[PDB]
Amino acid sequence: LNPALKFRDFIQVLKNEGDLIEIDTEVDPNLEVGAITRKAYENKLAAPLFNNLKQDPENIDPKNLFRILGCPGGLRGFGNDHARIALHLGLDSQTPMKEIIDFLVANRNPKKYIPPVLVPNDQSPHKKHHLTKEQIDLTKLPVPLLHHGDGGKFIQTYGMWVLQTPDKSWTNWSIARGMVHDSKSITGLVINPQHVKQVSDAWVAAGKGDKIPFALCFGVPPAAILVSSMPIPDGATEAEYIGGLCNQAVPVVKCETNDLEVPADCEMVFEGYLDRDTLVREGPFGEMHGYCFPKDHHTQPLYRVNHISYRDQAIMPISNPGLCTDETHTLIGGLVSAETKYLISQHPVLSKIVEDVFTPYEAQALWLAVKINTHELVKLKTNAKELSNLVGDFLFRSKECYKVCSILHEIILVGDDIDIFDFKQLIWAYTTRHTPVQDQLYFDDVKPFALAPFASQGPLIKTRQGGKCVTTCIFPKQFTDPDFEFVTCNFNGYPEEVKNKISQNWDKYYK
């Protein structure tokens, strides 16, 4: 019935659509879960539900803890390849991505928001079973080693961190990676300018950065995990946008051991204290640009888990990032795209000319294509450098987009003949419409994205400055002549009369 609000309805729709395979054969958390999911992503196969994982004998409740759903946001192979993404928002599964983005943009006006509603503990399935700190041992759960060279088992790849500011004015829901540190403990990334850091920075500012309450929620409402992955504004409570998107309040319940509220329908909730006063090793991970660099090591804060609540037969969703295409593309890039569309929308100049933006997956969410209406472009009476200075100041440096676009390294301005969602069209335009280096405006005083390989393995990690450009793929005269024409030399570029005769009668030609 409602896959936006209920993880298990999400699973049931995929099963109904023929886009889910239950695997009853024993699969090993050590490396095979990741191989399978990867082969699923890459060939656009059905999402695998792993019912029979190889279990450690000391696991405290193996019949319940846990199965793995993989590829929850991976592309589908038969119809609309973005079905799984549409489904997270409870939309028609054939809703294509450009429209999925319009739906999110459409619902970004705060007047559409609906705050979550508290309900009693017996309306939540995950409140059926409990583990205290003493009983908890994360070492024994079937947490996968997703990639060779991963510095730990990454238990948190598709659940949601719930952190609240000390004054209670902002409750943030987001995704960030997490690996098992020891029996009772998870460490993961907590970096500028991510909200998990902003919010915890507040607890630090008040001298309580050792005992920051957190919940970590697995199998949350699919619309909730989608937004958990979207960079909505600083200070914004994700729950309220999720509500609008669902035209319905997210039902939530209070934790057992802190006063955070978590969704009624989760598979498993982990409760504890984020400890920003103790650093620990958090291991390299195979991430969104397609590498694991096994010798890359750094220290990160520690989440001390004191409690766990979980339902019968818990299912954990999982993301196993690498080459395109996967959740670190469809969700990290798609949702950057959606928020940047919204924000641009509200820009008095950029809203007149920008038709659409999208992060082509082929570029691992390092590029943002920006589709410009040339007719309205002429009216502005501008040029390549000045439009590029405006765009990049806005996307790289504004208080609006400083964080939102932080992962992006190249912005690609193109005219409105190119469906930016079709990479054959984007790559044609990129190689044929910009002079190497000359039509790339370099911004040196911007914060680079530390995960970009070219930065992590280069000098940009030491310097922490620059690395970005805005590339204009719009011919000089497209800025001045509104009747500028070229014929695009493919079949679809022929005159309508010709295409129609040839297409209608193709069987007469190619018999």
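Don't overthink the numbering: it's just position in the shown sequence, from 1.
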Notebook entry, point to check: Which wins on mean Cα temperature factor, 131 to 139 or 233 to 241?
Noted result: 131 to 139
Next item on the list: Between 467 to 475 and 448 to 456, name whichever shows the higher mean Cα B factor according to the PDB entry.
Entry: 448 to 456
Next item on the list: Just grab whichever of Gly334, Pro125, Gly159, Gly73 has the top CA B-factor as deposited.
Entry: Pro125
Next item on the list: For the C-alpha B-factor as written in the entry, point me to the maximum among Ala314, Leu366, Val105, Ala264.
Entry: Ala314
Next item on the list: Going by the recorded CA B-factors, say which third of the chain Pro213 sits in, lowest, middle or highest.
Entry: middle
Checklist line | Third of the chain's Cα B-factor distribution that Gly79 belongs to, per the entry | finding: highest
Next item on the list: Rank-wise, by C-alpha B-factor, drop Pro110 into the lowest, middle or highest third of its chain.
Entry: highest
Next item on the list: Could you say whether, by C-alpha temperature factor, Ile21 belongs to the lowest, middle or highest third of its chain?
Entry: highest
Item checked: Within-chain third of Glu99 by Cα B-factor, per the entry -> middle
